[PDB]
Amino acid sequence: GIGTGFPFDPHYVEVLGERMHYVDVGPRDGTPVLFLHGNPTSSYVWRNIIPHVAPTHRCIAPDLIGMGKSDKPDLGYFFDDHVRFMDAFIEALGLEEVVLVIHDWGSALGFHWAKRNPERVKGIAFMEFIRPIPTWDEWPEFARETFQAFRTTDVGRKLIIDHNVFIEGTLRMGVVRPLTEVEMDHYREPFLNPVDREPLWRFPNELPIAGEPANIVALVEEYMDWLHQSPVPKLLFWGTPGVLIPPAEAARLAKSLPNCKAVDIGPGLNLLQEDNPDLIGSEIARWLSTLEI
């Protein structure tokens, strides 16, 4: 079955006075492949994808600040905080040119960094990514009232912080197949202490839905405008029914975006990595072999 282990040796780097953890496997030479997770996951989400890429390419998978095995300072964990820490993580590792593999909030980080530093990005593989959601009617009906409740300081914090609903409920409702207890324990581990759950609540409050928050909408629009014109090689994975993007819009987008290959992974919600890791990993590896890297 789908692997549950996390066999990767820990690596740590000091970033803005805090320690960040990252996976680092594969050959030391060549262009590195930088894997960026989202909410409420960690590098654990890439555990079954990396082994398809690591034979031929260096794979770097950081835990976002406040998440995974990274340090957990008392921040607001706004998108801007993650931008500051990820910018500094990339420089602290001395990365020059990279290929990005990105998901959920990791995709906002990756696309925003790529738009600002396009000379350093040699390809982008992406899935279930942050885009403007024009109205609440484009958010999946089965999850709509809860995400609306998440975006409050009263009910939303009670659910996400006090009761850990993003881990115990939303995560599982983001995967089609059932998650095992061992997998759930890996996802629970960074957030056993309720005071460490701020990122889990701030992230859904940053989602660009129905024009709010205006600053995130503007930033995401800017990187989507870039992506619609840039020649950067692109690989889009999508599933049915999806969460952040529905199938027809995914297929339409992959046709519209320059130099973009699309892969239908079959059934999927948000964490496509948990529903078809072998296809995602094998297709990333095949696509990498076509790039000038």
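Sequential numbering from 1, following the sequence displayed.
Chemist: Given the B-factors recorded for C-alpha atoms, which segment has the greater mean, 268 to 276 or 15 to 23?
Modeler: On average, C-alpha B-factors are higher across 15 to 23.
Chemist: Quick check: 174 to 182 versus 104 to 112, which has the larger average CA B-factor in the record?
Modeler: Taking the mean C-alpha B-factor of 104 to 112 and of 174 to 182, the larger value falls to 174 to 182.
Chemist: Determine which member of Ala125, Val83, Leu207, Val195 has the highest CA B-factor, using the values in the deposited entry.
Modeler: Largest recorded C-alpha B-factor: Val195.
Chemist: Between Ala218, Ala149, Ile133, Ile167, which one tops the list for Cα B-factor in this entry?
Modeler: Across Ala218, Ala149, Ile133, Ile167, the entry lists the biggest C-alpha B-factor for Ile133.
Chemist: Sort the modelled residues of this chain by their C-alpha B factor and say whether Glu222 lands in the lowest, middle or highest third.
Modeler: It belongs to the lowest third of the chain when residues are ordered by C-alpha B-factor.
Chemist: Among the modelled residues of its chain, does the C-alpha B-factor of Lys72 lie in the lowest, middle or highest third?
Modeler: For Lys72, whose C-alpha B-factor we compare with every modelled residue in the chain, the answer is the highest third.
Chemist: Place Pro62 in the lowest, middle or highest third of its chain's C-alpha B-factors, as listed in the PDB entry.
Modeler: It falls in the bottom third of the chain.
Chemist: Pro199's Cα B-factor: lowest, middle or highest third of the chain?
Modeler: Ranked within chain, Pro199 CA B lands in the lowest tercile.
Chemist: Consider only the C-alpha atoms of the modelled residues in this chain, order them by B-factor as the entry records it, and name the third containing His228: lowest, middle or highest.
Modeler: Middle third.
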